[PDB]
Structures are given as C-alpha cells and as structure tokens.
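Asker: Questions regarding the structure given below will be posed in turn.
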Amino acid sequence: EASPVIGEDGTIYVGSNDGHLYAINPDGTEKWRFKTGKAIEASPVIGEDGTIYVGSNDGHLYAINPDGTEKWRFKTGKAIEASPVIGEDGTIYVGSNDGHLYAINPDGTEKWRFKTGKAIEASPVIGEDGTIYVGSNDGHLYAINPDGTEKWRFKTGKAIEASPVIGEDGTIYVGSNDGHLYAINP
Amino acid sequence: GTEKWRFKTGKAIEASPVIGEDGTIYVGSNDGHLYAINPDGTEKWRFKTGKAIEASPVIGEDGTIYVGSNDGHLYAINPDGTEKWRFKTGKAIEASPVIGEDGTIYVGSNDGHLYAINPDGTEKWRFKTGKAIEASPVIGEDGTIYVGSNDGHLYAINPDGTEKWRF
C-alpha cells in the first residue's frame, strides 16, 4: 500500500505488499523484480547517481542498481517502515523499528548509529545546515549532527508519528500524538 | 534548540504539517478539525470536519488547501477559513490529495474508487479499483495517473478516466 516512484529515465518503481518489489516500464511489462524476505511498506528513493534504495519488512535496506543488480544490503534489527533519505554527501539516512537512526555510506558500510527509546516510524529530515531531524515513538524529537552525535532532543508526551517540517526561518514544526503542534528553534 | 510555542488540539496529529507561501502552518488533527496557525503561534482559523483528517493537507497554486477526511469527504478550504466546496466518496480518504498540472485534484478512497475532481469541485470521473486505495497517486512526465496497491494490482489510469494497464 505504498506510493510508487518514477526514475530520471522514466522507469516506474513500487514496493508490493505481496513480498516482491517490481520495477515496471511505462508500457506495463516487467523489466525485473527483486524479492525481499517480507512485504515492502516504504516507497523507494532514487539516489543522485541513479541507485535505487528501498526499505523492507525483513529488516534490511537494499541498494539496487538501474540494471537490477544488488549493490549492497544493510541489516537492521527490525523492519523499516519509512523511506530512506539521501544527504548532499550521498549518505543514506534511515530509521528502523529497533529505535536506531542509521547513516549508511553509499559504499554499503555503516557510518554511525544513533538510538532512540522506541521505534522510528517516519523518514528523517535534513536541515539546510546538514542537521538531521527525526521523530521517535518515545515522544522526543531528535536533532542529530552529521558526526553521529546528539545536538538536542525535545520532549513531547505521546509518540511522534510523522516527519517534521522546516520553515524558511529554520523553525522546526512537528505534529505529536499528544495533541500539540510544536515549533522548535534551531 | 528551545521551544518557540506549542498549540493544543483535541486528538493526536497523525500526519506532517504543511507550510504555505506566506508562512502559514496548516496541520490536520484526529479530532476532525484542520488547524491554520501563524508563525507567531496564534490560531488564524480552524475548519470543522466530521471525523478526522488522516493524511497531510496539500495546497494548490491557487492557494486553496485541499484535505481528505476519515468522514469520507474531500474538502477545498479557502485561505479565509471558509469552505470552498466539498466532494463525497463512499468511505474514508486515507491518502493525501494530489494536484496535477491542470489543477485536477486526485485522491484515493477507502471505497476503492480513484477520483479526479475539477478545480471547481465537480467530479471529472471515477475509476473503480477492487479493494480500498490507501496509497497517494503519483503523476508522471506525460500526465499518466498512477494508483496504489488496491488489492495487490497496481493501476495505471489515463488522464481521461480510462485505464492503461493493471498489475
């Protein structure tokens, strides 16, 4: 039940609730498919270099080349329910149900991990200055530095289920399950 | 790193806020209402909806805010807080509305019917899928309308309501 994406070459990609992750053409013929251990919930993200990245309920984030060949796999504790985010330097950001935020080098290795108390259910957002913002189900909004360390965490009551938004003045706005909207300064 | 302000609503906020060209912040609540809040934290207006707003609201180039609802309607809201028009679907709308090149508003529905709505709110056409549609539609370069996994069969919908292929 995910949204599909279109490539810089016009290809249509989508994850399927019946396990596979088809890569279709505009005419409808199957170009190739790539099956994962479980159904795919996240919508795929196409990197600047054309690499297609997508999460999976099997706990792995996969990197697939335009030609269908696997570039690498990255193991996380639990399923990935949110689309990954690519930064300017190409670093892929992703969160898992195990409560960690991961920064994966485009070559397939881990750069750093950062833990939150509960699962991370939504994609992180990278600020204009490179700061990575992400919500945790532990009720806090985390601001994580490019170096993998914490800059600050902001407490809410209930879980944060959705990605924050950055205004022109840099203010971070995010909805909480506790009923409040918050606006946080850098 | 500090709190600038907080604005209390009745129920949980499931979806992300959206910001307009003038800095206005719009955010849906599970208490039914759509809240419009200023950069200074004050309430500009709120719109009344029957059950809940599930997905994030979207704004067209015309400045009109479009939002789905768990009560089954799709709403067009005027920047002044009044209703521009509404549109009824059979079941709740889970997906955020999508606005194309020509201003047509697209949205899924838990009634299994992909809708396209003219800028003025009149129905352009409906297309029936098998099961509920939860994914937001996507539009390609050539205007092709794409729809989510209604029942494990992705659809490619033509601009004129007809179909290209299923999957």
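Please note that chains go A, B, ... in the order of the structure tokens, that every chain numbers its residues from 1, and that ligands are numbered from 1 in the order shown.
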Please, which residues of chain A lie no more than 10 Å from chain B when the count uses only C-alpha atoms, and can they be set out as a PyMOL selection string?

Answerer: chain A and resi 1-7+10-12+14-18+22+24+26-30+43+122+143+151-155+158-169+171-186

Asker: Could you pull out the residues in stretch 48-165 of chain A that DSSP calls strand (DSSP E or B) from the backbone, as a ChimeraX atom specification?

Answerer: /A:52-54,60-64,70-75,85-86,92-95,100-104,110-115,125-126,132-135,140-144,150-155,165

Asker: Quick one: distance from atom CA of residue A:90 to atom CA of residue A:69 in Å, one decimal?

Answerer: 19.5 Å

Asker: Pick from A:137, A:125, A:33, A:68: nearest to residue A:100, with only C-alpha atoms counted?

Answerer: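 Nearest candidate to residue A:100 out of A:137, A:125, A:33, A:68: A:137.
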
Asker: Compile the contact shell of residue A:118 as a ChimeraX atom specification: residues with an atom at most 6 Å away, counting only C-alpha atoms, same-chain residues fewer than 2 positions apart removed.

Answerer: /A:99,116,137-138

Asker: Save the residues we just selected, N, CA, C and O atoms, as a PDB file, in the first residue's frame?

Answerer:
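result-v9.pdb written:
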ATOM      1  N   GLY A  99      14.560   1.283  16.978  1.00  0.00           N
ATOM      2  CA  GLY A  99      14.834   2.551  17.613  1.00  0.00           C
ATOM      3  C   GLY A  99      16.093   3.263  17.174  1.00  0.00           C
ATOM      4  O   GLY A  99      16.424   4.305  17.753  1.00  0.00           O
ATOM      5  N   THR A 116      17.183   5.821  19.708  1.00  0.00           N
ATOM      6  CA  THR A 116      16.051   6.463  20.354  1.00  0.00           C
ATOM      7  C   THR A 116      15.303   5.404  21.157  1.00  0.00           C
ATOM      8  O   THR A 116      15.416   4.206  20.887  1.00  0.00           O
ATOM      9  N   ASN A 137       9.181   7.221  18.543  1.00  0.00           N
ATOM     10  CA  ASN A 137       7.959   6.834  19.240  1.00  0.00           C
ATOM     11  C   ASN A 137       8.084   6.993  20.748  1.00  0.00           C
ATOM     12  O   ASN A 137       7.092   6.803  21.462  1.00  0.00           O
ATOM     13  N   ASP A 138       9.270   7.335  21.246  1.00  0.00           N
ATOM     14  CA  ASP A 138       9.472   7.594  22.663  1.00  0.00           C
ATOM     15  C   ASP A 138       9.014   8.991  23.057  1.00  0.00           C
ATOM     16  O   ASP A 138       9.205   9.394  24.210  1.00  0.00           O
TER      17      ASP A 138
END

Asker: What's the 7 Å shell around residue A:19, counting only C-alpha atoms, without same-chain residues fewer than 3 positions away, as a PyMOL selection string?

Answerer: chain A and resi 16+35-40

Asker: Which value, in Å to one decimal, gives the distance between atom CA of residue A:127 and atom CA of residue A:170?

Answerer: 7.9 Å

Asker: Here is a test: counting only C-alpha atoms, which residue of A:119, A:56, A:51, A:66 is nearest to residue A:107?

Answerer: A:51

Asker: By how many Å are atom CA of residue A:130 and atom CA of residue A:44 apart?

Answerer: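 If I compute the distance from atom CA of residue A:130 to atom CA of residue A:44, I get 21.9 Å.
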
Asker: Contacts of residue A:124 at 8 Å or less, counting only C-alpha atoms, minus same-chain residues fewer than 3 places along, as a short mmCIF file (atom, residue, chain, number, x, y, z; two decimals) with N, CA, C and O atoms, in the first residue's frame?

Answerer:
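After the write, around_37.cif holds the following:
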data_model
loop_
_atom_site.label_atom_id
_atom_site.label_comp_id
_atom_site.auth_asym_id
_atom_site.auth_seq_id
_atom_site.Cartn_x
_atom_site.Cartn_y
_atom_site.Cartn_z
N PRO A 84 14.11 5.87 3.07
CA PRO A 84 15.41 6.44 3.43
C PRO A 84 15.58 7.84 2.85
O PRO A 84 14.88 8.25 1.92
N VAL A 85 16.53 8.59 3.41
CA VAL A 85 16.85 9.94 2.96
C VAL A 85 18.33 10.03 2.60
O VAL A 85 19.19 9.62 3.39
N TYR A 93 20.25 8.09 4.98
CA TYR A 93 19.73 8.09 6.34
C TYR A 93 18.48 7.23 6.38
O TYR A 93 17.62 7.33 5.49
N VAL A 94 18.36 6.41 7.42
CA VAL A 94 17.22 5.52 7.57
C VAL A 94 17.01 5.23 9.04
O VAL A 94 17.95 5.27 9.84
N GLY A 95 15.76 4.97 9.41
CA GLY A 95 15.47 4.60 10.78
C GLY A 95 14.88 3.20 10.75
O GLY A 95 14.41 2.75 9.71
N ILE A 132 20.35 16.54 10.87
CA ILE A 132 19.35 15.51 10.61
C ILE A 132 18.34 15.49 11.75
O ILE A 132 18.70 15.29 12.92
N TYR A 133 17.06 15.69 11.42
CA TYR A 133 15.98 15.74 12.39
C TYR A 133 15.15 14.47 12.23
O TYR A 133 14.87 14.06 11.10
N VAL A 134 14.75 13.86 13.34
CA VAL A 134 13.89 12.69 13.25
C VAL A 134 13.07 12.55 14.53
O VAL A 134 13.51 12.92 15.62
N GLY A 135 11.86 12.03 14.37
CA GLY A 135 10.97 11.78 15.49
C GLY A 135 11.06 10.34 15.95
O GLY A 135 11.30 9.43 15.16
N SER A 163 7.00 12.94 10.00
CA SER A 163 8.20 13.73 9.74
C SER A 163 8.00 15.21 10.07
O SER A 163 6.93 15.77 9.79
N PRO A 164 9.00 15.86 10.64
CA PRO A 164 8.92 17.31 10.89
C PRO A 164 9.07 18.11 9.60
O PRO A 164 9.38 17.58 8.54
#

Asker: Find the residue from B:71, B:83, B:22, B:94 that sits nearest to residue B:121; use only C-alpha atoms when measuring.

Answerer: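 Selected residue with least distance to residue B:121: B:83.
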